[PDB]
Protein chains: 2
Amino acid sequence: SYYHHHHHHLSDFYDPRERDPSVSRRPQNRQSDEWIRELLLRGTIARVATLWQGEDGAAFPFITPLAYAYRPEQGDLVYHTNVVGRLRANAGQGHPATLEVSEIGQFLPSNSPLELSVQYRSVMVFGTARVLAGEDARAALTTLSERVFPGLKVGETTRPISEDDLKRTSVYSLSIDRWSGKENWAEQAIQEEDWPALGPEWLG
Amino acid sequence: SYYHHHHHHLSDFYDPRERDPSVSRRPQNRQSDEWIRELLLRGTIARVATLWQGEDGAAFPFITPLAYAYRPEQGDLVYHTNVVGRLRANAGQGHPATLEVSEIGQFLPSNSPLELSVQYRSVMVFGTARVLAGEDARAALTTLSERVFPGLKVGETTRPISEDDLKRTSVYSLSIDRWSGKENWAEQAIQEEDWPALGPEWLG
């Protein structure tokens, strides 16, 4: 800043900057539904949070990382896991579920301590997960497996999925209600001009 | 198997195998507390799930990826985020929180469809998160920043953390009650001998 520079020799927010007119104007790093769709289609790992009744009677969430596939036409995401708690904190045959997919880039150094950050793109999906059965489960598993192992073909590369396979696996469909997407993927963190600049060891 | 082989020319579970006597005997892929400690110390990204009251009155979880640091002496993990919902589904000044840290390796192909899998190590930590203030927050942020940017020193590499910085950031301590660790990190998925073996394109 001038003020620091002049003091040494003895607001930014409203001053000139460049802006690409095609860049998202949405606040709080939020993204468009199309961007969310694309991120979910190219991802293969998610975390799913579901609620279980705990020792104090109170619901609490588990977080499980797992393979998933987004089926946009059906409006769902499929996955499988045999992780459970005792009782789910939920009335009915389906349960509420939150699913998160992210891309995590690099940690971005700065000489300003609260500008230290990590590049990320992250979606939360809110919906209801139900257990699938029979050909519904076999088809979901197939889509999942062929998505996360591109070129693999169930029934050729692998033996077909048997009735025993299905009896031993819990296969879920998370039917999407709502979603929320966020991106903060700058090439460089914001720096403080009035503190010594980071050395070459950081940004080089 | 003999039976398939003989049929072509016309249980495993109890038969011979090798075992390393030093390998964990814990069921369901579970790990020791020391292993959990080490995984939390070497990680830098976590997901935190906390509960918020939704439109139907019902609690539901958010999942937020973020930088964290484990402070084993204090018995907590620290992080910062300004993500909120409307009201937390929680009585009091702290809130229950679940924190997950994983290492995700490679997808492991197989000619047996339910042996398809992904290498992972994953910890859930269950505890209570409270907002920190003043020098408690400044110290937590400092530990966090110096952990995830090794060699960076707050106050030297960066300007010091100011009172303004703190007023604009929500800094949390998640005080650990319990934790659960899981590893499935095989070099190769289990294959089915009685189906054509995967080609060189998969395991080579």
# chains A, B, ... in the order shown; residues from 1 in each chain; ligands from 1
>>> interface_residues(of="chain A", to="chain B", cutoff="6 Å", atoms="only C-alpha atoms", output="PyMOL selection string")
chain A and resi 111-113+157-159
>>> select_by_dssp(residues="segment 39-124 of chain A", states="helix (DSSP H, G or I)", output="number ranges by chain")
A: 39-42, 113-115
>>> select_by_dssp(residues="segment 111-204 of chain B", states="strand (DSSP E)", output="ChimeraX atom specification")
/B:117-131,171-184
>>> write_last_selection(atoms="C-alpha atoms", output="tab-separated table (two decimals), in the first residue's frame")
chain	number	residue	atom	x	y	z
B	117	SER	CA	-12.64	-52.50	-4.40
B	118	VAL	CA	-10.57	-49.49	-3.48
B	119	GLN	CA	-7.58	-49.41	-1.14
B	120	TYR	CA	-8.39	-47.24	1.88
B	121	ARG	CA	-7.52	-46.37	5.43
B	122	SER	CA	-10.29	-44.39	7.22
B	123	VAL	CA	-10.82	-43.01	10.78
B	124	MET	CA	-14.07	-41.64	12.26
B	125	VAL	CA	-13.59	-39.47	15.33
B	126	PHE	CA	-16.57	-38.72	17.51
B	127	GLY	CA	-16.52	-35.79	19.88
B	128	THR	CA	-17.79	-32.33	20.77
B	129	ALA	CA	-16.70	-29.23	18.77
B	130	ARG	CA	-16.60	-25.79	20.42
B	131	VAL	CA	-15.74	-22.38	18.99
B	171	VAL	CA	-12.06	-21.65	14.85
B	172	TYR	CA	-13.06	-24.95	16.39
B	173	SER	CA	-11.67	-27.50	18.78
B	174	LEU	CA	-13.17	-30.99	18.46
B	175	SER	CA	-12.54	-32.68	21.76
B	176	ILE	CA	-12.26	-36.42	21.13
B	177	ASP	CA	-14.59	-38.89	22.93
B	178	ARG	CA	-14.09	-42.03	20.81
B	179	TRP	CA	-12.66	-43.08	17.50
B	180	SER	CA	-12.84	-45.99	15.00
B	181	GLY	CA	-10.20	-46.98	12.44
B	182	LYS	CA	-10.44	-49.27	9.37
B	183	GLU	CA	-7.87	-50.43	6.77
B	184	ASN	CA	-8.37	-52.41	3.63
>>> atom_distance(atom1="atom CA of residue 54 of chain A", atom2="atom CA of residue 76 of chain B")
20.9 Å
>>> atom_distance(atom1="atom CA of residue 132 of chain B", atom2="atom CA of residue 170 of chain B")
7.7 Å
>>> atom_distance(atom1="atom CA of residue 53 of chain A", atom2="atom CA of residue 53 of chain B")
16.3 Å
